[PDB]
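The data below hold one chain only, encoded as structure tokens and taken in the form deposited in one PDB entry.
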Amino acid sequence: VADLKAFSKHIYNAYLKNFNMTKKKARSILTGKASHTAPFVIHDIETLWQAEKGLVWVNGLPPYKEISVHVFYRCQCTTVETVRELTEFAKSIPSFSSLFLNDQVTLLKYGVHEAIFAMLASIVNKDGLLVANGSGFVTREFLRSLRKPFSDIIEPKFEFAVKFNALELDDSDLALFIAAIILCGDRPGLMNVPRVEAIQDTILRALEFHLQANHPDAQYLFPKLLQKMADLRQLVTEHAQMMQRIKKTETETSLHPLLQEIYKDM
């Protein structure tokens, strides 16, 4: 009940090793001061083009179709790369790696979007979000100005993120919060459910211990985080549904196969 402090540190380390962008770095950039190099602000067609024209960034994107789809492709490509980082993060958790590969896939399948939305909060403020490794900032107004359905995808995530960031979690908190999301014993079709539940429980106890040390004055922070985890599950449900509509009504839009596997039988 004290080596929990070690468990946490192993998880913070797996986090620091596998994620391209920490919240700490993200916030130093969004707050402007500390990095002395402002991100390129993308807020219309003209600046988006300036940004593709080298100021910030193709990138193995599917064939061009139109502005709203191009932005979709940028987000989709980032999503896939974050799935890849989350996969490595989870694998750097010894307990996770002991599970059979089919249980690993089940947990990633059902957890990555929840985790992704939680980490989006790190690179977001009420006005927009960091793209291209911190070197760009895409405004929330611009994303809202895109053709429906694409202008509806990210909005609920901003709404989640602004409330989420109010809790002032740091990376060490987030490492445990993402672990708890991946290591969930409720995911449909798990094989060794007792094993995963067991690992989940350790992580949650580690998280509460961690939060006491790290946020001594914060009242009810653990329960609030358990609620947020439930909010995320609702978020992913809606995302999958929107993505179902884009697949049905937006046929010129190329959907990445990995993400198609995730939504399949969700």
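Heads up: residue numbers just count along the shown sequence, starting at 1. Basically, rigid core = biggest C-alpha set you can superpose within 1.5 Å across the two forms.
Although not depicted, the form deposited in another entry is the subject of the following passage.
Only one of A230, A218, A213, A198 has its C-alpha shifted by 2 Å or more between this form and the one not shown once the core is superposed, and that residue is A218. When the rigid core is held fixed, the Cα atom of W49 travels less than 2 angstroms between this form and the one not shown. After superposing the rigid core, the Cα of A34 is displaced by 2 Å or more between this form and the one not shown.
Cα of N165 to Cα of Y220: at least 3 Å shorter in the other entry than in the shown structure.
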